[PDB]
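Chemist: Below you will find the structure I want to go over with you.
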Amino acid sequence: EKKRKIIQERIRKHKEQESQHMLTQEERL
Amino acid sequence: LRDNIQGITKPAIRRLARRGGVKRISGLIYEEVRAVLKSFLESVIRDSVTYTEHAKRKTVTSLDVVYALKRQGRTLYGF
Amino acid sequence: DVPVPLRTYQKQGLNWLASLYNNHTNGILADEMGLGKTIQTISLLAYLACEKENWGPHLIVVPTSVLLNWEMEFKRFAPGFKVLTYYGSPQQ
Amino acid sequence: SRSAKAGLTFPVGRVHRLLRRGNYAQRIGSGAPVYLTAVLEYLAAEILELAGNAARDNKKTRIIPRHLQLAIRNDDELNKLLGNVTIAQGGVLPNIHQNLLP
Amino acid sequence: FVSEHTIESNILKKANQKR
Amino acid sequence: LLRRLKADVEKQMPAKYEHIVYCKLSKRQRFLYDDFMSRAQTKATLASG
Amino acid sequence: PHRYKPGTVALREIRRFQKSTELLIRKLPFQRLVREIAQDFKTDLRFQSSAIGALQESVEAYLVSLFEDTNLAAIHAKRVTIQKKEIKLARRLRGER
Ligand SMILES: [Mg+2]
């Protein structure tokens, strides 16, 4: 559970870091 | 409160020649066509001032330009 | 805010204008002078560039004495605003 | 309507007053005061077809004064009618001489 | 600028007691 | 309403002072004042409608 | 320094300038010439708003038609570009007076 708690926690935090709009890989890269 | 001309371009007169079918230039291309402009306009305004001084009356709405220039020899459409 | 990766008042105006535009709502942003309300407008204009592919021909209306206080702010804040010039309406 | 006597649709009342009082003929005696509106309808229809064809093309749906200038210079009957007129908000017919050209 | 009761030489000499 | 006053950045704001300076009315100033006051009296001051 | 033969780059100038509704006359001073003409003899014009555009386009028609007639008379001679003598030929035959 601890590993699950931490994995979900900081994947959510890094998502908030990244999840703003994004775009298609051909146009984003 | 009056303003006067400065020479009528190298560039814009060049584009005037460009739409006149001219690529290079001579020494008699820029200035003289503006002289023809001045002569023709002075003739048409001479006729206009004769008309408006013989009877001493003003003009009417924007329909005058098409009729006066047609008598002059080059009129316009667009509106 | 919903921004895309200055000071705090102008970016607060950015935040409010972002909450307004994506809601397609307007606002009487009665900011006192010196708090950069026009910079907040420019911030929204630039934020729209990366928020969505919607740029389009925008329009901004201002007293004419403030016209440098828009174009020079563009050239100082996000100079990426390409501009065509409109002066001498008949031929210039 | 007051104009559908012979396929016409332009207003008649003011036109009837003007043509009857044209101040050029004493009386239009049997008599085609509506023939001015007839040629008016004819010109309107031809302009409609030409402008629809022009606007629908160029991958657009509007008439730029360039297109109308091209249409005006295109016709020969209009050129014979009054060939001393020009269209504004456009350009002159493009030209380059082979002698001018390198 | 204040249009007072037609006096001069009063800018601070009334204020040296007013502090 | 997005209206925030100018004291949000306190300790980074210069103060404000107002200097009061008088100016006497010269002899010619009061003379012209009285002349136009008489003119206004004759005109009824254009201040009644 | 990609400097190519003049006349062909002048040809691309012609192609660019003879394609769209672009106003080739950088010509608000043409408007000032019109103002000097109009106020030369009289005053208190009180005309319409867009009449300046119409009169200027008539000026363009006259001048440009002169340009094509001059170029035709020039290629008539052994000189491709615009010459004053060709313009005299183009204007005198028109009945200038
Ligand atoms: Mg502001």
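Residue numbering restarts at 1 for every chain of the structure tokens, chains are lettered A, B, ... in their displayed order, and ligands are numbered from 1 as they appear.
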Any chance you could tabulate, as CSV, the residues of chain B at most 7 Å from chain G with each one's nearest atom pair and distance in Å to one decimal, using only C-alpha atoms, in chain and rising number order?
Modeler:
```
residue,atom,partner,partner_atom,distance
B:3,CA,G:32,CA,6.5
B:4,CA,G:33,CA,6.4
B:5,CA,G:33,CA,6.1
B:12,CA,G:25,CA,5.2
B:15,CA,G:24,CA,5.6
B:16,CA,G:24,CA,6.4
B:17,CA,G:67,CA,6.5
B:18,CA,G:14,CA,5.1
B:19,CA,G:18,CA,5.8
B:20,CA,G:68,CA,4.9
B:21,CA,G:68,CA,6.5
B:22,CA,G:81,CA,6.2
B:23,CA,G:10,CA,4.9
B:24,CA,G:7,CA,6.0
B:25,CA,G:81,CA,5.3
B:26,CA,G:81,CA,5.7
B:28,CA,G:83,CA,5.0
B:29,CA,G:82,CA,5.0
B:32,CA,G:84,CA,6.5
B:33,CA,G:63,CA,6.8
B:37,CA,G:63,CA,6.6
B:62,CA,G:48,CA,6.4
B:65,CA,G:55,CA,6.8
B:74,CA,G:62,CA,6.0
B:75,CA,G:58,CA,6.0
B:76,CA,G:58,CA,5.5
```
Chemist: Return as a count of residues only the residues belonging to chain C that are within 12 Å of chain F, counting only C-alpha atoms.
Modeler: 24
Chemist: Can you tell me, as a list in words, what residues are no more than 10 Å from region 18-24 of chain F when counting only C-alpha atoms, ignoring any on the same chain fewer than 5 positions away?
Modeler: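 Here the qualifying residues turn out to be residues 1, 2, 3, 4, 5, 6, 7, 8, 9, 10, 11 and 12 of chain E; 29 and 30 of chain F.
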Chemist: Could those selected residues go to a file with C-alpha atoms, as a short mmCIF file (atom, residue, chain, number, x, y, z; two decimals), in the first residue's frame?
Modeler:
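Saved to selection-v8.cif:
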```cif
data_model
loop_
_atom_site.label_atom_id
_atom_site.label_comp_id
_atom_site.auth_asym_id
_atom_site.auth_seq_id
_atom_site.Cartn_x
_atom_site.Cartn_y
_atom_site.Cartn_z
CA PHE E 1 -1.84 77.81 -6.17
CA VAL E 2 -4.29 79.40 -3.72
CA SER E 3 -5.81 82.88 -4.06
CA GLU E 4 -5.81 83.95 -0.40
CA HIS E 5 -6.71 87.28 1.23
CA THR E 6 -4.23 89.43 -0.73
CA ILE E 7 -1.06 88.93 1.32
CA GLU E 8 2.59 88.17 0.59
CA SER E 9 5.61 87.09 2.63
CA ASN E 10 3.66 84.42 4.49
CA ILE E 11 4.84 81.10 3.01
CA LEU E 12 6.61 79.79 6.13
CA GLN F 29 -5.55 91.72 -10.83
CA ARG F 30 -8.21 93.00 -8.43
#
```
Chemist: May I have all residues of region 28-67 of chain B that DSSP, computed from the backbone, assigns to helix (DSSP H, G or I), given as a VMD selection string?
Modeler: chain B and resid 30 to 54 64 to 67
Chemist: Just write the chosen residues, N, CA and C atoms, as a PDB file, in the first residue's frame.
Modeler:
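Result file follows (again_14.pdb):
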```
ATOM      1  N   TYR B  30      10.412  58.459 -64.859  1.00  0.00           N
ATOM      2  CA  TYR B  30       9.824  58.883 -63.592  1.00  0.00           C
ATOM      3  C   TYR B  30       9.136  60.237 -63.722  1.00  0.00           C
ATOM      4  N   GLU B  31       9.895  61.261 -64.114  1.00  0.00           N
ATOM      5  CA  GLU B  31       9.451  62.635 -63.902  1.00  0.00           C
ATOM      6  C   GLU B  31       8.388  63.067 -64.908  1.00  0.00           C
ATOM      7  N   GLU B  32       8.484  62.610 -66.158  1.00  0.00           N
ATOM      8  CA  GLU B  32       7.712  63.259 -67.212  1.00  0.00           C
ATOM      9  C   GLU B  32       6.247  62.827 -67.160  1.00  0.00           C
ATOM     10  N   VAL B  33       5.989  61.569 -66.791  1.00  0.00           N
ATOM     11  CA  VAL B  33       4.608  61.098 -66.701  1.00  0.00           C
ATOM     12  C   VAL B  33       3.844  61.919 -65.671  1.00  0.00           C
ATOM     13  N   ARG B  34       4.511  62.288 -64.578  1.00  0.00           N
ATOM     14  CA  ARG B  34       3.911  63.211 -63.623  1.00  0.00           C
ATOM     15  C   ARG B  34       3.690  64.584 -64.241  1.00  0.00           C
ATOM     16  N   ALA B  35       4.538  64.987 -65.192  1.00  0.00           N
ATOM     17  CA  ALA B  35       4.300  66.243 -65.897  1.00  0.00           C
ATOM     18  C   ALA B  35       3.043  66.162 -66.757  1.00  0.00           C
ATOM     19  N   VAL B  36       2.819  65.021 -67.411  1.00  0.00           N
ATOM     20  CA  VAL B  36       1.575  64.823 -68.153  1.00  0.00           C
ATOM     21  C   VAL B  36       0.389  64.847 -67.200  1.00  0.00           C
ATOM     22  N   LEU B  37       0.542  64.207 -66.039  1.00  0.00           N
ATOM     23  CA  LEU B  37      -0.467  64.287 -64.987  1.00  0.00           C
ATOM     24  C   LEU B  37      -0.803  65.734 -64.656  1.00  0.00           C
ATOM     25  N   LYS B  38       0.226  66.545 -64.408  1.00  0.00           N
ATOM     26  CA  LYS B  38       0.010  67.937 -64.030  1.00  0.00           C
ATOM     27  C   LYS B  38      -0.656  68.720 -65.153  1.00  0.00           C
ATOM     28  N   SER B  39      -0.229  68.502 -66.398  1.00  0.00           N
ATOM     29  CA  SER B  39      -0.815  69.232 -67.520  1.00  0.00           C
ATOM     30  C   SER B  39      -2.284  68.869 -67.710  1.00  0.00           C
ATOM     31  N   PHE B  40      -2.599  67.573 -67.690  1.00  0.00           N
ATOM     32  CA  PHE B  40      -3.982  67.148 -67.872  1.00  0.00           C
ATOM     33  C   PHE B  40      -4.864  67.631 -66.727  1.00  0.00           C
ATOM     34  N   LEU B  41      -4.378  67.520 -65.488  1.00  0.00           N
ATOM     35  CA  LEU B  41      -5.163  67.982 -64.349  1.00  0.00           C
ATOM     36  C   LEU B  41      -5.334  69.494 -64.370  1.00  0.00           C
ATOM     37  N   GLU B  42      -4.301  70.235 -64.775  1.00  0.00           N
ATOM     38  CA  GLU B  42      -4.442  71.680 -64.864  1.00  0.00           C
ATOM     39  C   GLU B  42      -5.424  72.070 -65.959  1.00  0.00           C
ATOM     40  N   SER B  43      -5.470  71.318 -67.062  1.00  0.00           N
ATOM     41  CA  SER B  43      -6.460  71.596 -68.099  1.00  0.00           C
ATOM     42  C   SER B  43      -7.877  71.330 -67.596  1.00  0.00           C
ATOM     43  N   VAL B  44      -8.083  70.197 -66.920  1.00  0.00           N
ATOM     44  CA  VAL B  44      -9.433  69.867 -66.470  1.00  0.00           C
ATOM     45  C   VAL B  44      -9.887  70.828 -65.374  1.00  0.00           C
ATOM     46  N   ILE B  45      -8.977  71.236 -64.484  1.00  0.00           N
ATOM     47  CA  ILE B  45      -9.369  72.204 -63.465  1.00  0.00           C
ATOM     48  C   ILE B  45      -9.519  73.591 -64.068  1.00  0.00           C
ATOM     49  N   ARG B  46      -8.817  73.887 -65.164  1.00  0.00           N
ATOM     50  CA  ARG B  46      -9.046  75.140 -65.872  1.00  0.00           C
ATOM     51  C   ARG B  46     -10.464  75.186 -66.417  1.00  0.00           C
ATOM     52  N   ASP B  47     -10.905  74.085 -67.028  1.00  0.00           N
ATOM     53  CA  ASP B  47     -12.288  74.004 -67.492  1.00  0.00           C
ATOM     54  C   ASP B  47     -13.266  74.102 -66.325  1.00  0.00           C
ATOM     55  N   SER B  48     -12.960  73.430 -65.211  1.00  0.00           N
ATOM     56  CA  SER B  48     -13.853  73.449 -64.055  1.00  0.00           C
ATOM     57  C   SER B  48     -13.965  74.844 -63.446  1.00  0.00           C
ATOM     58  N   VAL B  49     -12.843  75.554 -63.307  1.00  0.00           N
ATOM     59  CA  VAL B  49     -12.892  76.896 -62.736  1.00  0.00           C
ATOM     60  C   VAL B  49     -13.544  77.866 -63.709  1.00  0.00           C
ATOM     61  N   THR B  50     -13.382  77.654 -65.019  1.00  0.00           N
ATOM     62  CA  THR B  50     -14.141  78.449 -65.976  1.00  0.00           C
ATOM     63  C   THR B  50     -15.638  78.238 -65.788  1.00  0.00           C
ATOM     64  N   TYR B  51     -16.054  76.980 -65.613  1.00  0.00           N
ATOM     65  CA  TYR B  51     -17.467  76.682 -65.397  1.00  0.00           C
ATOM     66  C   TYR B  51     -17.984  77.322 -64.113  1.00  0.00           C
ATOM     67  N   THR B  52     -17.207  77.237 -63.031  1.00  0.00           N
ATOM     68  CA  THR B  52     -17.666  77.715 -61.732  1.00  0.00           C
ATOM     69  C   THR B  52     -17.435  79.207 -61.520  1.00  0.00           C
ATOM     70  N   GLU B  53     -16.728  79.878 -62.427  1.00  0.00           N
ATOM     71  CA  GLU B  53     -16.552  81.321 -62.352  1.00  0.00           C
ATOM     72  C   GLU B  53     -17.402  82.077 -63.361  1.00  0.00           C
ATOM     73  N   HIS B  54     -17.794  81.433 -64.465  1.00  0.00           N
ATOM     74  CA  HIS B  54     -18.705  82.077 -65.404  1.00  0.00           C
ATOM     75  C   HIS B  54     -20.052  82.361 -64.753  1.00  0.00           C
ATOM     76  N   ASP B  64     -19.914  64.266 -59.577  1.00  0.00           N
ATOM     77  CA  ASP B  64     -19.256  65.152 -60.533  1.00  0.00           C
ATOM     78  C   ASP B  64     -18.005  64.515 -61.129  1.00  0.00           C
ATOM     79  N   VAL B  65     -17.288  63.708 -60.342  1.00  0.00           N
ATOM     80  CA  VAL B  65     -15.982  63.215 -60.777  1.00  0.00           C
ATOM     81  C   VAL B  65     -16.121  62.305 -61.994  1.00  0.00           C
ATOM     82  N   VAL B  66     -17.182  61.496 -62.042  1.00  0.00           N
ATOM     83  CA  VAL B  66     -17.347  60.578 -63.164  1.00  0.00           C
ATOM     84  C   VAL B  66     -17.699  61.339 -64.440  1.00  0.00           C
ATOM     85  N   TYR B  67     -18.545  62.367 -64.335  1.00  0.00           N
ATOM     86  CA  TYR B  67     -18.946  63.119 -65.521  1.00  0.00           C
ATOM     87  C   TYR B  67     -17.820  64.019 -66.016  1.00  0.00           C
TER      88      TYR B  67
END
```
Chemist: If I take CA of residue 69 (chain D) and CA of residue 79 (chain B), how far is one from the other in Å, to one decimal?
Modeler: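 That distance, rounded to one decimal, is 11.9 Å.
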Chemist: Could you please select, counting only C-alpha atoms, the residues of chain A within 9 Å of chain C and state them as a list in words?
Modeler: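 Close enough to count are residues 18, 20 and 21 of chain A.
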Chemist: Contacts of residue 9 (chain D) at 12 Å or less, counting only C-alpha atoms, minus same-chain residues fewer than 3 places along, as number ranges by chain?
Modeler: D: 1-6, 12-13, 15, 34, 37-42, 44-45
Chemist: Keeping N, CA, C and O atoms, export the residues of the selection given above as a PDB file, in the first residue's frame.
Modeler:
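Saved file selection.pdb follows:
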```pdb
ATOM      1  N   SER D   1     -47.430  42.261 -56.905  1.00  0.00           N
ATOM      2  CA  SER D   1     -46.523  43.370 -57.174  1.00  0.00           C
ATOM      3  C   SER D   1     -47.028  44.232 -58.326  1.00  0.00           C
ATOM      4  O   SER D   1     -47.962  43.855 -59.033  1.00  0.00           O
ATOM      5  N   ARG D   2     -46.401  45.392 -58.510  1.00  0.00           N
ATOM      6  CA  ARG D   2     -46.752  46.311 -59.582  1.00  0.00           C
ATOM      7  C   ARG D   2     -45.810  46.208 -60.773  1.00  0.00           C
ATOM      8  O   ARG D   2     -45.844  47.072 -61.655  1.00  0.00           O
ATOM      9  N   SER D   3     -44.970  45.174 -60.820  1.00  0.00           N
ATOM     10  CA  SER D   3     -43.971  45.035 -61.868  1.00  0.00           C
ATOM     11  C   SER D   3     -44.029  43.710 -62.613  1.00  0.00           C
ATOM     12  O   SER D   3     -43.311  43.552 -63.606  1.00  0.00           O
ATOM     13  N   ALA D   4     -44.866  42.767 -62.185  1.00  0.00           N
ATOM     14  CA  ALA D   4     -44.901  41.428 -62.760  1.00  0.00           C
ATOM     15  C   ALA D   4     -45.713  41.350 -64.047  1.00  0.00           C
ATOM     16  O   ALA D   4     -46.146  40.254 -64.423  1.00  0.00           O
ATOM     17  N   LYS D   5     -45.938  42.481 -64.721  1.00  0.00           N
ATOM     18  CA  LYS D   5     -46.701  42.465 -65.964  1.00  0.00           C
ATOM     19  C   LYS D   5     -45.998  41.644 -67.039  1.00  0.00           C
ATOM     20  O   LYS D   5     -46.644  40.891 -67.777  1.00  0.00           O
ATOM     21  N   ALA D   6     -44.673  41.775 -67.145  1.00  0.00           N
ATOM     22  CA  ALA D   6     -43.918  41.060 -68.168  1.00  0.00           C
ATOM     23  C   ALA D   6     -42.639  40.449 -67.606  1.00  0.00           C
ATOM     24  O   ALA D   6     -41.579  40.530 -68.237  1.00  0.00           O
ATOM     25  N   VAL D  12     -42.036  49.918 -59.265  1.00  0.00           N
ATOM     26  CA  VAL D  12     -42.693  50.529 -60.416  1.00  0.00           C
ATOM     27  C   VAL D  12     -43.174  51.941 -60.109  1.00  0.00           C
ATOM     28  O   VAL D  12     -43.066  52.833 -60.956  1.00  0.00           O
ATOM     29  N   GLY D  13     -43.695  52.160 -58.900  1.00  0.00           N
ATOM     30  CA  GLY D  13     -44.337  53.418 -58.556  1.00  0.00           C
ATOM     31  C   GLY D  13     -43.491  54.654 -58.786  1.00  0.00           C
ATOM     32  O   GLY D  13     -43.826  55.502 -59.623  1.00  0.00           O
ATOM     33  N   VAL D  15     -40.669  54.613 -60.219  1.00  0.00           N
ATOM     34  CA  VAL D  15     -40.178  54.483 -61.586  1.00  0.00           C
ATOM     35  C   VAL D  15     -41.239  54.935 -62.583  1.00  0.00           C
ATOM     36  O   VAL D  15     -40.922  55.566 -63.597  1.00  0.00           O
ATOM     37  N   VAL D  34     -41.978  51.046 -69.200  1.00  0.00           N
ATOM     38  CA  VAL D  34     -41.382  49.975 -68.405  1.00  0.00           C
ATOM     39  C   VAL D  34     -40.207  49.307 -69.098  1.00  0.00           C
ATOM     40  O   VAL D  34     -39.631  48.364 -68.541  1.00  0.00           O
ATOM     41  N   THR D  37     -37.047  49.681 -67.111  1.00  0.00           N
ATOM     42  CA  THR D  37     -36.969  48.632 -66.102  1.00  0.00           C
ATOM     43  C   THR D  37     -36.707  47.269 -66.725  1.00  0.00           C
ATOM     44  O   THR D  37     -36.122  46.402 -66.074  1.00  0.00           O
ATOM     45  N   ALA D  38     -37.117  47.057 -67.976  1.00  0.00           N
ATOM     46  CA  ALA D  38     -36.834  45.785 -68.637  1.00  0.00           C
ATOM     47  C   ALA D  38     -35.337  45.606 -68.867  1.00  0.00           C
ATOM     48  O   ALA D  38     -34.761  44.568 -68.515  1.00  0.00           O
ATOM     49  N   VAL D  39     -34.688  46.614 -69.451  1.00  0.00           N
ATOM     50  CA  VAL D  39     -33.241  46.535 -69.630  1.00  0.00           C
ATOM     51  C   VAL D  39     -32.540  46.553 -68.277  1.00  0.00           C
ATOM     52  O   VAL D  39     -31.457  45.974 -68.121  1.00  0.00           O
ATOM     53  N   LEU D  40     -33.149  47.191 -67.274  1.00  0.00           N
ATOM     54  CA  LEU D  40     -32.598  47.172 -65.925  1.00  0.00           C
ATOM     55  C   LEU D  40     -32.599  45.757 -65.352  1.00  0.00           C
ATOM     56  O   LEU D  40     -31.601  45.315 -64.773  1.00  0.00           O
ATOM     57  N   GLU D  41     -33.707  45.031 -65.525  1.00  0.00           N
ATOM     58  CA  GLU D  41     -33.776  43.634 -65.107  1.00  0.00           C
ATOM     59  C   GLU D  41     -32.772  42.787 -65.875  1.00  0.00           C
ATOM     60  O   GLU D  41     -32.145  41.884 -65.314  1.00  0.00           O
ATOM     61  N   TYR D  42     -32.631  43.051 -67.176  1.00  0.00           N
ATOM     62  CA  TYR D  42     -31.683  42.298 -67.993  1.00  0.00           C
ATOM     63  C   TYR D  42     -30.257  42.467 -67.475  1.00  0.00           C
ATOM     64  O   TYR D  42     -29.527  41.482 -67.277  1.00  0.00           O
ATOM     65  N   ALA D  44     -29.378  43.489 -64.480  1.00  0.00           N
ATOM     66  CA  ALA D  44     -29.297  42.918 -63.142  1.00  0.00           C
ATOM     67  C   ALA D  44     -29.097  41.410 -63.199  1.00  0.00           C
ATOM     68  O   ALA D  44     -28.273  40.862 -62.464  1.00  0.00           O
ATOM     69  N   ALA D  45     -29.834  40.723 -64.076  1.00  0.00           N
ATOM     70  CA  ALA D  45     -29.703  39.274 -64.193  1.00  0.00           C
ATOM     71  C   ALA D  45     -28.328  38.875 -64.712  1.00  0.00           C
ATOM     72  O   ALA D  45     -27.720  37.917 -64.208  1.00  0.00           O
TER      73      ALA D  45
END
```
